[PDB]
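Before any questions on how it binds or moves, here is one chain, the form deposited in one PDB entry, in structure tokens.
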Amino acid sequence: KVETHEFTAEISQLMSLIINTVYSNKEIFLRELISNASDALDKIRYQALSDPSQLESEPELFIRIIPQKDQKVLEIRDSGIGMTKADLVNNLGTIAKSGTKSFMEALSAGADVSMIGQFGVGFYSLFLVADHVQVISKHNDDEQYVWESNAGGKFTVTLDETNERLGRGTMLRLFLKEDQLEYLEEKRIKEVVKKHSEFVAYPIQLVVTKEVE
């Protein structure tokens, strides 16, 4: 049962700006998305100070990076607060207008694309390295949904009947551009994290498939 929606025109233009930009340091997308994940963890951490049962859906607090070389997919999963169905429809598409106008203007004045997070639209930095993205999410006391976009004019939101259960949190599935498959590599991923994400309150886990010989 696939609900369709349309992007606000601003978000669609931000999505087209980023998915096209020629930019040298495209690796900063990873700092942005780990930064979101850290924020989403902060928020479940807060609720669990008041109410510790909130952590029972997924007791470990982590950020986890899962290269899927078979599918040319990089997955970024956190055990954060997660997002409701309505959250997905508004937080992604249908909102964010404030930061996006400011940011498009700062760029025309010379701003470095790496400053996108100061305007709080760093999520869309993912399109530096990807042309398709799925967002899977599960908030305590609500069901698991998946949100999907092609950087175009519509996005779907649909109940999640095909993915591993998150327990609680959010997982981004980046369909990497063909020029950008370096970000599936264990060494590459190690460099960017230690370079850009040294001060993260939570363990950053990298998942490596290694053949036994």
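For clarity, a rigid core is taken as the largest C-alpha set superposing within 1.5 Å between two forms. Numbers for residues come from their place in the sequence shown, where the first is 1.
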Between 115-123 and 93-101, name whichever shows the higher mean Cα B factor according to the PDB entry.
93-101
For 24-32 versus 163-171, entry-based mean Cα B-factors point to 24-32
Per the entry, which of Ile204, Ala201, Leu17, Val192 tops the list for Cα B factor?
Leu17
Looking at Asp141, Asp78, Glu75, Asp87, which has the biggest Cα B factor in the entry?
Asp141
Would you check the entry's CA temperature factor for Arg45 and let me know if it's in the chain's lowest, middle or highest third?
lowest
Divide the modelled residues of the chain into thirds by Cα B-factor and specify which third, lowest, middle or highest, holds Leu184.
middle
Taking the chain's C-alpha temperature factors as the reference, tell me which third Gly153 falls into: lowest, middle or highest.
highest
Pull the Cα B-factor of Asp39 out of the PDB entry and bin it into the chain's lowest, middle or highest third.
lowest
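FYI, the form deposited in another entry isn't displayed, but the following is about it.
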Please name the single residue among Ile76, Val135, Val73, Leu107 whose Cα shifts by at least 2 Å between this form and the one not shown after core superposition.
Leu107
Fitting the rigid core first, would the Cα of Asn20 be found 2 Å or more away between this form and the one not shown?
yes
In the other entry, the Cα separation between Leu30 and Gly93 changes by 3 Å or more relative to the shown form; did it shrink or grow?
closer
Work out the direction of the Cα-Cα change for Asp112 and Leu30 in the other entry: closer or farther than in this form? It's 3 angstroms or more.
farther
